[PDB]
Amino acid sequence: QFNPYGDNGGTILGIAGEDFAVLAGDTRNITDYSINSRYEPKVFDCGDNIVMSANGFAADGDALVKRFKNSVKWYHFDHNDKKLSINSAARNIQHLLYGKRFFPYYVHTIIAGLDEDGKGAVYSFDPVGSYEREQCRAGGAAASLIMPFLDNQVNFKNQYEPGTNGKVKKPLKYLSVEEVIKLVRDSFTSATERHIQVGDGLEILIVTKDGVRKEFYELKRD
Amino acid sequence: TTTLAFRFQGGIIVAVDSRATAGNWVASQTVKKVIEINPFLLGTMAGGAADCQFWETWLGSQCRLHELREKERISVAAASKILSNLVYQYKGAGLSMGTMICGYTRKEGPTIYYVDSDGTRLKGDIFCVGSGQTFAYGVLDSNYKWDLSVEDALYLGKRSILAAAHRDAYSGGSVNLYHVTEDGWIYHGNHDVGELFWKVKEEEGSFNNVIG
Amino acid sequence: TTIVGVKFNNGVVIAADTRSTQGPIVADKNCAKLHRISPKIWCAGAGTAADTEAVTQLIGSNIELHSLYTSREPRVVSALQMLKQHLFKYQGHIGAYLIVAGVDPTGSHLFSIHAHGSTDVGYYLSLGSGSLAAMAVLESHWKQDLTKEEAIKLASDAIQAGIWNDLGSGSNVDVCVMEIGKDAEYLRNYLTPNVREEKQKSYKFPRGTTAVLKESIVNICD
Amino acid sequence: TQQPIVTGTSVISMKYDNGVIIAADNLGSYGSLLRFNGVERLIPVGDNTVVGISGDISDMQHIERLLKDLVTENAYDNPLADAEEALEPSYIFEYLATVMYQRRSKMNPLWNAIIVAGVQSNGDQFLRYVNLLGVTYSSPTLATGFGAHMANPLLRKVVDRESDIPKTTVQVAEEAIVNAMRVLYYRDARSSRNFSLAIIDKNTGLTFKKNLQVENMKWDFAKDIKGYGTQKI
Amino acid sequence: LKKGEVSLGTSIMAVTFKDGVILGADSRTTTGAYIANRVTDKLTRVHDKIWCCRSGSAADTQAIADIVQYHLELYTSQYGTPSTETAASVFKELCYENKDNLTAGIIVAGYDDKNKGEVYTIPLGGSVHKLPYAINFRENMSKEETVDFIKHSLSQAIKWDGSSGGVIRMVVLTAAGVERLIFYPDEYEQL
Amino acid sequence: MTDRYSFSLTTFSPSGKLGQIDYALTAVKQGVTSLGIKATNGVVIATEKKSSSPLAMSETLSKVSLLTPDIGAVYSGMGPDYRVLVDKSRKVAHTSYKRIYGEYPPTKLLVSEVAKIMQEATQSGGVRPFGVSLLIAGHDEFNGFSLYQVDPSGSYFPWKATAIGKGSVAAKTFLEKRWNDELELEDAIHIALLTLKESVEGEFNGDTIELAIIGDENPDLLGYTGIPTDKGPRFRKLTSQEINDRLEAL
Amino acid sequence: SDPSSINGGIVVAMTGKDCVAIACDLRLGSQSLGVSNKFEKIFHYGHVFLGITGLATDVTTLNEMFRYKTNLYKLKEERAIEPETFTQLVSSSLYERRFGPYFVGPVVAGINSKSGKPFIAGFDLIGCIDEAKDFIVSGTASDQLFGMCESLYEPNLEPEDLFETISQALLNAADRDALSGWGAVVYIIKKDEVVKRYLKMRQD
Amino acid sequence: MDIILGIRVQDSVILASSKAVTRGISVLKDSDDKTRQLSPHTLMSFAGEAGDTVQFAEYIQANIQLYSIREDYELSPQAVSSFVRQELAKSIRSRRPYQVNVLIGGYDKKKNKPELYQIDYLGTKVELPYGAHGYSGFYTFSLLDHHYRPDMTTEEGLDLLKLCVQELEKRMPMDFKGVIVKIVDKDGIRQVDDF
Amino acid sequence: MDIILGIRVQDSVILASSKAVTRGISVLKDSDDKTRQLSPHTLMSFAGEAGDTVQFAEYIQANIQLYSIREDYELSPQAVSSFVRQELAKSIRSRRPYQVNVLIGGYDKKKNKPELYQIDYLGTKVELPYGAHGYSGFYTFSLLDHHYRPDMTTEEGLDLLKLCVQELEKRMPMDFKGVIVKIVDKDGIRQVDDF
Ligand SMILES: [Cl-]
Ligand SMILES: [Mg+2]
Ligand SMILES: [Mg+2]
Ligand SMILES: [Mg+2]
Ligand SMILES: [Mg+2]
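Residue numbers (the deposited numbering), protein chains in the order written: chain Z, 1 to 222; chain Y, 1 to 212; chain H, 1 to 222; chain a, 1 to 233; chain N, -8 to 126, 141 to 196; chain A, 1 to 250; chain I, 1 to 204; chain J, 1 to 195; chain X, 1 to 195.
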């Protein structure tokens, strides 16, 4: 029987800073045990300082991104070129996703940008439209490997202040864009070692008030 | 997932956990399971996240249109029924929802309705929904009184979620509290279960089975 | 897995990759897929890892005992026959896909064995999830009258094809060369083209970070 | 919901310095039977694009008609149909990829795997894949079916990454393609010796080669092979 | 036939002629659409001048052929050279009694000095059928005619069947001895 | 039909003697002299090759046998009984140890398994005891070098040096005078050849004497390279030439 | 109805400089219900340590089995078993039940009393040995542990440092697994002393 | 067979077991004692598949009683619980496994301590301060976790047990017809007749 | 939704309906009124699939109330029961049928007679002296066959009903948390608060 879904592998990662936000993702596209492409981008600049990735089944991810990009375009037409806030885009994507509640987009969606106060924002979605704002979120095949590491290094979970008898937690603080990119790179090289669907390359999209910048890094090709 | 809501002298207490799981994998510990429908109405999330988010947000839109047309606050009865009638239309299609619609009005007083994706709509004093509902019911049933103070009632809701968070694998993260009064709801913070457990263990003397 | 076998002038050579998967997870990044049956009879194995080791050790044990009984050096056909008859008996439930090769008083030999008990003869063979990538290389570059050095190159190239292009294969290249009139030389990690790059940061924790409830001395002595 | 009947196997392709190459055998199989031997699975659209299709042949013939009808429709009220407003590979691809995804979303797919190979108006090389699920991807080398397992590994030895493309000539690229097609004849049970090959160059344009044959094969070593193990005679 | 296991196709034949008998076959072996071996030898020796053609499961046919070879070696030690009919009986006895677990189609061909060339076919069920030939033939053909008959016949099978291909192997059984023949694609395809 | 001998053929006599074991030991006494000497860095085991006929090739008949790469055995008594014991000893080293622990058994435990087999022939139904005494020399990592004697009863004793068979009484006396705890392997080989010359009557050379050692590891005899931990067998059978070299400086 | 994920739990083992470490959570449950917070999954037979994850009845059964087998090994060999040898015993014993396996994920850890070399090893449920220099992981949060260990781990750590690394690998892995947690224990093993520490973690 | 509870207090072990025996749409009996005395100071309650429960319990009982006669000595609760576990561990890989879950409440006379063991049908043994089988744990564990203290008296344990039964009677869908309660201590085993 | 009973006596109809609402392993409510007043002298109790029950009952209620306003006239119990049956008869061949069983107790003012109608989800209507839905009839029908008389008073009917509830409470596996009883007669509909 015809199965309309597939798994194109890959994994994505979105971290939010104080005055910036990053959305990273490997560039490997796969089916079963074969490699389709070593460089097939899946993190996109959608306009209005919003970056987006829909990881999972690539056909659904491409369609969703394509629809949201088009949603941004029509928001400008209908509302006097108003800028689409990250929170408004999130709610719009919920409606795009839930509109197919009974034939879902098989994707884990993450968007990143800046909120209306200029602070970094990351939103993650399930396949049918439940969403939540977060400081940190990994998605895709190797999310299980990466995410507990982020909890430990970004949000400082399980780390207590030395000498305090495990009474005083290690204090939360914003990381620099440089420290974040280190965690991203180390997250993806670790995932590349232990996950077969993760590798080839890593593309990071950084978002500041100045605009959207890209950064690319090689990964192991085995 | 563990969500509870009960009526008492001072209104309604709503307490929920924060955990989301995809199999054994813990996807999130920071999930907002109380939906702020409007400043006067709350709704709990259990079953489908999207189904509860989407349709209880939609409910808030219908409630706003009602008070614009009728120039009067919508009743909890009417608000809950708009939601239950909607999901009944979709019956069979596969929606998944188990929620408590909570509010406090003049004509009704504090009111809670359990609404459910197979069309059920029940009015009641105490409701608990989720994988850890049974653990929470135990603490509630044995300690519940109508004449509870707001301080004590808030703690009871907090302690009941903690009981579930401890035993139920699919419940945990943090506890979110709400107090619903006639003038609207008041948020009573986010409480990490990790820190809360040890605190409660020491102060209360409970959980002797656990070494700390 | 990717395993190959190539015949040359005065002997035979087999090679294999070193990745061991557990679904999409890499359990072992440097596992040994080359097995010793006798001193000059070696076996490369793909499929169910526990089965390839258990079956090659059992036959190797019985071959050693046979060699002592007969006062003769073991033959490859003896290993071949004992293996296929064992595999056939279990009707494919022992998921062992093997490439058997070696030298004996009769000459140099190369065979393949499938889990169901079928054997094949050839000058070049490949088995595993990366067998198609490897065979593409072998069919492109193989020729009659290869030298030892040409055969090792062809073999390790065929394995590389699998490492890069097959997700089930990865890490390093193991080789074993069995030449006539010589001791068999086992080249563990003959190639290491997948070395992990330096990490961007050291995640060594300050001492006392971890909260502790109790401490106690364990008595391992009598 | 369908099930394919008469099918076409691997379609392989690769980029080189000035253009792209694409190839596919002339066979239409029927389960295990090699029934139709005069099947052209490479379809030129204009003088700058070639669409290679594998999978169900009847769905392939449907797509042929769509592309043919696309060229006609583009010439309507278009004085620049043979110049600026002529069809590009990127237009032709996005059309098919739209159709393929719509059909799978209606649970009535076109049981195909397609590779659009061509050269854009600005001289850029185009090479992109789309299948029955509407899944799209691009790479220096692309292949369908068996080609994905056996051809890609060989073609990636020539062009392992983007930077290797300017270093690769048409003579080298064509040699890799023709070698790959021989390997598929050896090892694909659903393949034929006869095949077609197309080259789209930004300077020399579209060269379409029909009635090619796999040659320079190795079979002599077979005579030395006897039995399955112990047999000496 | 077990899923994923190696299949031997079904393009095999044996033809009796004036001087003896000739066995013929292709060389293709599959696992789905993948050709696992393109230079397979499906013509197997069970005795000096008794050979067989294997079809169906490669594992099953190999295990049987090995057992038959064992029985005929032991027969010869005790009772002297066996008949082609005896060889076919042992094959059948195995294929028939284990029909539930096997997928083996076998053609047995041999040369006696009394009986001359004989051919026995043993299909899936485990039945035996003695024939003049097995897979427009004339009785008492010459060696050269019978070769061309097998060559032309298998050539067409390869042309239309994807389970068949590679080289055409043939074994000639006569009083002279045993002769192995081989024919490559460039020769037989353009017939 | 069927083996109806399900009862013991070895039984206690009124005096408390187990006749068949005593008679088996008598058969060992008649057997050709063999001996074993333990050095600090090795063990040596030796015996005379009593040729049944000069037309017979004494090379084909091996009185000294490899059991594991690090364990060797020699005997006095009935050759055929020894041969089958070696077959069983080799197999039991695999089935009851190597296939479980992935490594060859230590000398004492292999000896224990052989002793068990010989004890069973003393008590089980319808069998006679083995008419041989074994000397088993071996090495293992944790016990080092060792030498054991095994009797028809199944009793085994560890020895510094000993002899069994025809002229064992005189040979043991000779070894008592010569043996010390500072002997090197080459010294033990020398003493072994001296001790054996006393019991041997006819020709005394590398073709009539069989001699093996448990000593250093032999990488050249391993048959392959590439695994550092695998360094080769400690058992080595001395060649006819190697024996004659030491007989000149005797 | 997946035996390896009914009771839940995890084990991780790491090598250091002249030391090894092995740690486990303390949970035992029946799917969603937590039943015990004292279920230790690490055992020792002399100086060789064994951690076992999987179906709890098989964990208990295999401990009793290897206790049985090592006790007899010692009586006959007149010495305690070493890690390399014990590893082969575990593999043998598991494959003996090849077509009716114990649903477990064992981990061996210890130091060779003769050579002084640190040794760790892991197995699948039918006894495939995974020998490793760095670390071994087992359990319901094995993916999580693989991610923590692969990033946090570095060679030649000292006992006091290795403790923090393995403790943080375990804790943060267990917190992203619903079926793991409820306590933790870490064994730090040196050539002739062994320290056992109970960690403080969130109890949800 | 449904509800079996166990609470270990300072000086005793208390087992509570439901009285209902239901088959199809009819409650056949409402006074069923789901327990057997294994030895003077060891009591085992049980729940699970019909027939298997009693057959298993009596088989264990016979074996422990046989041991007692042979050695003129009472086996410790720990020893009994290990024996029971092994039998269930054997059972789970049999042709037809015993589908029986048990609680073993005993008083160790040598240690002068009460002991409660929880063993499921798979042979999963755990020593606990309080235990339950089936859905029983899902409504009582939170109450026991909160009010339970390790230094409680037998009388305090019975009040704690009453609290659990009340909660079960309130929230459990099925009518289990109350419980039979038994106490195990230094003086042996006795039944609370009024509960 | 489980137990609904009905008894027609001399001068009234008595409906008894269980108070329990169970979902999964939890009794969510123990005071549920499984009935709606269709008109001043007509009462309908209901049981069946969750959601469908109340949705159906209220839909019928609205339609009968609409009729009452339009004609300024109360429809007879027989007329109401026929309307209800037809709606269920339509329903059973729909895309998704109402899985609801009902009892319609009414007092016909023109005839001066009480009337009890039993209608299942298929649209199977029967007029009865006493009725029940589901497995409830399995334990009470033998008691009503035995003890029921057609000339009974309302007080005798309530004692007969108590006998049925007692038997259900004794033999039914599920705890249904007692019943709400309502009486329909010439003076209309009233609830018995103490039962
Ligand atoms: Cl074959
Ligand atoms: Mg990788
Ligand atoms: Mg929990
Ligand atoms: Mg063909
Ligand atoms: Mg957890």
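Every residue gets a Cβ at the ideal spot worked out from N, C-alpha and C, and that includes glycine.
Any non-hydrogen atom of ligand 4 within 7 Å of residue i CB
i      : result
N:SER2 : no
Cβ of residue i within 8 Å of any chain H Cβ
i       : result
I:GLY34 : no
Closer than 8 Å to chain a by CB, residue i
i        : result
Z:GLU116 : no
Distance between beta carbons of residue j and residue i, contact taken as under 8 Å
i        : j        : result
A:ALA188 : A:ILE21  : Incorrect: roughly 31 Å between the Cβ atoms, too far for contact.
N:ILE26  : a:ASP188 : 7 Å
Any non-hydrogen atom of ligand 2 closer than 7 Å to residue i Cβ
i                      : result
residue 196 of chain X : A query on residue 196 of chain X cannot be resolved here, the shown segment of chain X reaching from 1 to 195 and no further.
N:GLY47                : no
Z:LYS220               : yes
Residue i Cβ short of 7 Å to ligand 3 heavy atom set
i       : result
Y:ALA46 : no
heavy atom of ligand 1 below 7 Å from residue i C-beta
i       : result
N:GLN53 : yes
**Near-chain H residues of the segment 184 to 200 of chain Z (beta-carbon distance less than 7 Å), N- to C-terminal order** = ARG185, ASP186, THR189, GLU193, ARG194, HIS195, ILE196 and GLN197
**Message:** Which residues of the segment 92 to 115 of chain Y have a Cβ closer than 7 Å to any Cβ of chain X? Give them in chain order.
**Reply:** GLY92 and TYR114
**Item:** Residues in the segment 153 to 171 of chain Z having any Cβ partner in chain H nearer than 7 Å
**Value:** So the list reads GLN159, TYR160, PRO162, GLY163 and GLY166, given in the order they occur along the chain.
**Message:** Under 8 Å, CB to CB, which of the residues in the segment 160 to 189 of chain a have a partner in chain N?
**Reply:** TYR186, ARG187, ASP188 and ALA189
**Request:** Go through the segment 37 to 99 of chain Z residue by residue and report every complete run of the alpha helix (DSSP H) that reaches 4 residues or more, in order.
**Result:** 58 to 78 and 86 to 98
**Item:** Length at least 4, wholly inside the segment 45 to 105 of chain X: the alpha helix (DSSP H) runs in chain order
**Value:** 52 to 71 and 77 to 91
**Prompt:** Of the residues that make up the segment 138 to 157 of chain A, which ones have a beta carbon closer than 9 Å to any beta carbon in chain I?
**Reply:** Listed by position along the chain: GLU141, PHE142 and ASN143.
**Prompt:** Any residues in the segment 157 to 187 of chain A with a beta carbon nearer than 7 Å to a beta carbon of chain H? Which ones, in chain order?
**Reply:** none
**Message:** My parser needs the beta strand (DSSP E) runs of 3 or more residues fully inside the segment 128 to 184 of chain A; what are they?
**Reply:** 132 to 140, 144 to 150, 156 to 158 and 161 to 164
**Item:** Selection of the segment 127 to 143 of chain X by Cβ proximity to chain J, strictly under 9 Å
**Value:** Across the segment 127 to 143 of chain X, CB contacts with chain J closer than 9 Å involve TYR135, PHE138 and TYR139, in sequence order along the chain.
**Request:** Could you name the residues of the segment 117 to 139 of chain a whose beta carbon sits closer than 7 Å to any beta carbon of chain Z, in the order they occur along the chain?
**Result:** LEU133, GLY134, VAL135, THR136, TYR137, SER138 and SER139
**Message:** Which residues of the segment 33 to 54 of chain I have a Cβ closer than 9 Å to any Cβ of chain J? Give them in chain order.
**Reply:** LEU33, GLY34, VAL35, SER36, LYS38 and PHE39
**Request:** Check each residue of the segment 118 to 134 of chain Y: if its Cβ is closer than 7 Å to any Cβ of chain J, include it; give the result in chain order.
**Result:** Per Cβ criterion, the list reads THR134.
**Request:** Check each residue of the segment 158 to 179 of chain I: if its Cβ is closer than 7 Å to any Cβ of chain Y, include it; give the result in chain order.
**Result:** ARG176, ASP177, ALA178 and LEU179
**Prompt:** Looking at chain I, which residues of the segment 106 to 117 of chain A have a Cβ within less than 9 Å of any of its Cβ atoms?
**Reply:** Within the segment 106 to 117 of chain A, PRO106, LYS108, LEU109 and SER112 place their CB atoms closer than 9 Å to a CB of chain I, listed in sequence order.
**Prompt:** What are the residues of the segment 17 to 43 of chain J that lie near chain X, defined by any Cβ-Cβ distance shorter than 7 Å?
**Reply:** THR22, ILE25, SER26 and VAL27
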